[PDB]
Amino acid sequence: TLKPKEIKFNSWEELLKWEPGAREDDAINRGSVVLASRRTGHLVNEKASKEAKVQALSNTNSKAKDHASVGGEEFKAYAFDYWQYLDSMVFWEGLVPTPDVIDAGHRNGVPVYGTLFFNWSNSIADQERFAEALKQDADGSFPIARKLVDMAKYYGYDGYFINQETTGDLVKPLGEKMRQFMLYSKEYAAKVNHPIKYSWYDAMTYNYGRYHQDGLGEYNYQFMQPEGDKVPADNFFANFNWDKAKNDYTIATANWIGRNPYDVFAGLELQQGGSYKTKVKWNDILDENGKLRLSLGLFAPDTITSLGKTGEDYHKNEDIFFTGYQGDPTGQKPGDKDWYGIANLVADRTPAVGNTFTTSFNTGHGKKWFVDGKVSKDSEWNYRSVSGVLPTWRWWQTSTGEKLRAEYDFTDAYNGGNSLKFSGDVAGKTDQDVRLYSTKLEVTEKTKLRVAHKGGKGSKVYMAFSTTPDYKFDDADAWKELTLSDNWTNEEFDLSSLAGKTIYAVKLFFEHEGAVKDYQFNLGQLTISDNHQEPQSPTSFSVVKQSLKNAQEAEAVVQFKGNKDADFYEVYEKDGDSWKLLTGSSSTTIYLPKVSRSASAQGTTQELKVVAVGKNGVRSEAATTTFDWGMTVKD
């Protein structure tokens, strides 16, 4: 069995037998990307809050039998890219998040939590399963808590959401132990140098079994009550039937016990409600100035995949959800709509901090995979481990006249599955901009800008940077004109004149001198870095496992040693005279679901290669190895 699979335990005894490295797919199932730091930039929406937070409880993965834990050879996926508004992502489907989700979230600076679910039930079997989790050693420690911590450390994720929906006579007395299990976990996680957080559903009361308060209150406060410096639950997820009075009570209760009210996330039932069509009592959670007074808990926002038919529709629907119907995170809810875009209410954050930032707008899925503007993988995929950093703002536009339409372009890309396209009929002379990223990038004498782009016929296009935190673009040394052409080009600009300054934002600016029917410009890659070097090639590359289906089709697992400059890796096969990309991963162990040869292939072996794609956007030289079929196609 070469295909890596989600991690599920059939009993607590099985979990107590878990050990690092003891599963054949562990090398692939581990997260590979450390949790990135983020900045919170200047507020761009007058109604947004830097205190209010958003937690997503998402069914992130395919439900197909025998789907892989890394993704698959299909475009449609929960290719989440709105990290900039999230506090955390909860992997709802199981205890141990898959590496595709962990890597994507971590690159974007968002912690990823597994889910510990105790069934909605009063069966003795379920009451016992709950009691069994809370078994203690003589010293009061909880062995199951240790295993949960140990797995978070090994697989590289950040904690758990506990949904304790089991009730009955054997459950009622266990509130104190449940609380101590969470506190103890914090002690042990510190001991092993891998802190974790817990998020707790408003379900099990301290003394009375299951009862939702739709808030924090007199029956559940103990789960949030501090022990000085430590807390049991870090976040609290209030049940869906909150209202003004319940929210008032929650705030009073949090304040009294010495917790931040914004650590309570008011739940939105998006599965039954239909994503942004969900009716929400906004008036009961917004204060007199139209600002959130509690955080937001998104239950099952992945339902949004059901609202359209295509992968392209998924992103467009997410824009309505996260940005809002008005289409610009700086704007207000339209008067004819009830839904508030998340951006209308919650400040953005950014992982684009330091001396280096790169993106090719990789959303973790595609219909094809492009390499420097050429099709390399000519077929569909989702491998979210390689998800990159998409624009902060979708879309912050100003114009002297009409505004171009901005969208992802899955038909043409520079690297990965999509670029950004800006298009429309331009009616006459116009100047306009699209503000794309919030950043905090330090410029030195060695800093350069690399920009891949295509099209723009009938315009001049510039990239401009703000060197102040309030996003003014008044610095003459921070405007660069692009040299347009009809093909993909990748141009480099010296930013040394900005040495000692900090870049806080990135925008495009377009000038049209007259009308242009069906104007189009694509942005394919953006890199600001003081490192122009190729990363070193991977080493010690080999095929470590393989399973032939026939002489033209096989599964494989490859492994190599990488280096700290690599953001992720791409694996290719040589198919006749051409290299063709198979997959990409942040990991140094990679599953290949289909190594393939044509009917006319010669010989008994076939070359494979792996390339490191740098954090500075530059590819390494390839490392190569030889896959041995052990037969010709005609034998």
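Start at 1 with the first residue shown and count on from there.
Higher mean CA temperature factor, per the PDB entry, when comparing 188-196 with 129-137: 188-196. Between 607-615 and 623-631, the higher mean Cα B-factor belongs to 623-631. Within the listed group 596, 589, 61, 32, the record reports its top CA B-factor for 596. Looking only at 323, 419, 468, 164, the residue with the top Cα B factor in the deposited structure is 468. Looking at the C-alpha B-factors along this chain, the one for residue 355 belongs to the highest third. Annotation for residue 384: C-alpha temperature factor in the lowest third relative to the rest of the modelled chain, per the entry. In this PDB entry, residue 541 carries a Cα temperature factor that places it within the middle third of its chain's modelled residues.
Per the deposited record, the Cα B-factor of residue 43 falls in the highest third when ranked against the other modelled residues of its chain.
Remark: residue 570 belongs to the lowest third of its chain, ranked by C-alpha B-factor as recorded.
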